[PDB]
Structures are given as structure tokens and as C-alpha cells.
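Structure, as C-alpha cells:
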Amino acid sequence: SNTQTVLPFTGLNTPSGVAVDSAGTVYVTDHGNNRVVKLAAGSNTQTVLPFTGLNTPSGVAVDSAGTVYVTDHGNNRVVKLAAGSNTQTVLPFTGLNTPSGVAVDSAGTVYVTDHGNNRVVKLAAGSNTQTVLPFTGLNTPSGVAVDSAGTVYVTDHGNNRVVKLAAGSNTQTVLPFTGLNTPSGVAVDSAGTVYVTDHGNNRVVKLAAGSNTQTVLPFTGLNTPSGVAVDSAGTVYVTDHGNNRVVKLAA
Ligand SMILES: [Zn+2]
Ligand SMILES: [Zn+2]
Ligand SMILES: [Zn+2]
Ligand SMILES: [Zn+2]
Ligand SMILES: [Zn+2]
Ligand SMILES: [Zn+2]
Ligand SMILES: [Zn+2]
Ligand SMILES: [Zn+2]
Ligand SMILES: [Zn+2]
Ligand SMILES: [Zn+2]
Ligand SMILES: [Zn+2]
Ligand SMILES: [Zn+2]
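Note that PDB author numbering has the sequence shown beginning at 1, numbered continuously upward.
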């Protein structure tokens, strides 16, 4: 599609992250209101998730069981909420400096861009032993995504680039995006196409796996977009941060 639609959220203050579950429910970190909201497919009325004590949340992810993971940026922590629960859990990450993005793989491992420590960390489900991924030369990373094979994709915000690291490899590569300006969000779909919010250029770009040729998605009117998600139908959801709204484009 080349016709975007604005999702019927309301009252957002510079939304920062977005995720979409297998039922098409859309989850958004409403950064400036210290809360996370969600909208079921077809619904015209959001609900607020029962997280507590959030300071300007920044990334969100949802797993196949509907558990919602949120980077509680201002409290240097990552929290999660199981489907139907009213009681969040704080994951046992330590030493985080204003975490930004979060991703969760098919094994339930949770990956966090530890923005202010220039690194990416992960915790296997149920573990309290965090691991620092062997990326090198990052500068305040901002988004993270993980594909079906466990390959990790990171927006290396301060270096205007996107890097990738296969599970068990110690050697990252740089994806051949071009002309990015402080990219923020990243998502990877089931085809391995990588989507990036090119924050400083007010646009969203994508790169098919193994291609050297990015394309610009036909969104309109974006103002410093911040997060991107892609559902199983290939619909692309973007937090249009500077316009206080979430937009989507069908495949
Ligand atoms: Zn902002
Ligand atoms: Zn802000
Ligand atoms: Zn902020
Ligand atoms: Zn901040
Ligand atoms: Zn910050
Ligand atoms: Zn920062
Ligand atoms: Zn920063
Ligand atoms: Zn920055
Ligand atoms: Zn920046
Ligand atoms: Zn910026
Ligand atoms: Zn900005
Ligand atoms: Zn901003």
C-alpha cells in the first residue's frame, strides 16, 4: 500500500516504541505520559496497561505468549507483564544507563540496548546472568531486533548505521543502508527484511536480506519517527514521535 492510516490512539506525548502481537494488537510506549497503551485490531479505543512507576518508557516488545516487555528508560530497568496480569516483574539486568530498545527472541531471551554504556546486553529467560554481546565501536545504540535465527540487529545511533551479529559470532557487520541520520528504531520481518526509522531524515527505510539497495517507505508527514514494528501480514507500524501519533502502512 502507499496509503497510510493513523491509528486511533489518543493523548500520546511523543510516543517512542511500538510492537504488534500475533493477534494484531498494537502496543505503544507513550513516552511523555509515563505509560504503555494498546489497541486491539479493529478497536477505536485504547487501554492503558497496568505497569507501575514507569519513567518515560522507550522500547517495547511482545512475545508469542503475549508478555509485554518495556524499557523503563528513566529508571534504568526493563520490566515485563504477562498477558492478563496486573503485576509487573523487573528483569534482573544491572548497570544499565538509560536503556532504549528491547527485543525478545523465539527462545524468550531478552536483548536491551544499554544506550548510555554503548553496548547491548541480553538475559536468557529465567537467568540472572546478563551477557554483553560482542559488538564493537557502538555509539549510544537505540534499537534492537532479533530474527528467527537469533541474529541481532542494532541501530548504532551515534554512528549513523545499522550493525548485525549472528548468534555465537564475535564479528559484527554493517548493513548497507545509505545516508542515515541518527537512526532509532529497527525491526526485522519473517523474510529477513530490515526496517529502520531514519529519525533525522524524517523517513522509514527498508533493506531486503542480502540486498545492497534500500528503499524509502511511502509514509507521509513524519516528524522524527522513533519506532517501527512489522506484523505477519507485512503491515508496517511507526511511532511518528514528533506528531504524537502512530501510523501504519499495509504491504
Ligand atoms: Zn522526543
Ligand atoms: Zn523525550
Ligand atoms: Zn525522553
Ligand atoms: Zn531520555
Ligand atoms: Zn535518555
Ligand atoms: Zn540518551
Ligand atoms: Zn542519547
Ligand atoms: Zn542521540
Ligand atoms: Zn539522537
Ligand atoms: Zn534525535
Ligand atoms: Zn529526536
Ligand atoms: Zn524527540
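The beta-carbon is built from N, C-alpha and C at its ideal position, and this holds for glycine as well.
>> What residue range does the beta strand (DSSP E) around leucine 81 cover?
In response: 77-81
>> As an exercise, report each continuous beta strand (DSSP E) stretch of at least 3 residues that is fully enclosed by the region 134-210, in chain order.
In response: 143-146, 152-156, 161-165, 186-188, 194-198 and 203-207
>> My output table needs one value for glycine 221: the three-state DSSP class, helix, strand or coil.
In response: coil
>> Only counting the same chain, and skipping five residues up and downstream in sequence, which positions put a Cβ closer than 7 Å to that of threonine 113?
In response: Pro99, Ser100, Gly101, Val120, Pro141, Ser142, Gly143, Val144 and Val154
> Nearest-angstrom Cα distance between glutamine 88 and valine 78?
Replying inline: 10 Å
> ligand 5: which residues have Cβ under 7 Å from any of its heavy atoms, chain order?
Replying inline: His73, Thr98 and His115
> Based on Cα-Cα distance, which residue from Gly66, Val205, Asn55 and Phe177 lies nearest to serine 106?
Replying inline: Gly66
> If you run the structure through DSSP and keep just helix, strand and coil, what is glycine 101?
Replying inline: coil
> Got a sec? Which residues, its chain only, sit under 7 Å from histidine 115 by beta carbon, not counting five neighbours each side?
Replying inline: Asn97, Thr98, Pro99, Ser100, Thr140, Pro141 and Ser142
> What residue range is occupied by the uninterrupted beta strand (DSSP E) comprising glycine 227?
Replying inline: 227-230
> Whose CA, out of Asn55, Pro218 and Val20, lies closest to the CA of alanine 41?
Replying inline: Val20
>> Nearest by alpha-carbon distance to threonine 193: which of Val6, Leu180 and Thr213 is it?
In response: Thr213
> Going by other Cβ atoms of all chains shown within 10 Å of its Cβ, with 16 needed for buried, is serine 64 buried or exposed?
Replying inline: exposed
>> I need the DSSP call for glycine 32, collapsed to helix, strand or coil.
In response: helix
> Residue range of the beta strand (DSSP E) that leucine 249 falls in?
Replying inline: 245-249
> Whole-angstrom Cβ separation of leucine 91 and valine 62, contact assumed at under 8 Å?
Replying inline: No, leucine 91 and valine 62 are not in contact; Cβ-Cβ is about 15 Å, not under 8 Å.
>> Less than 8 Å between the beta carbons of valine 37 and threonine 52, yes or no?
In response: no
> Helix, strand or coil for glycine 74 per DSSP?
Replying inline: helix
> At a cut of 8 Å, does the region 221-235 reach the region 120-139 through at least three beta carbon pairs?
Replying inline: no
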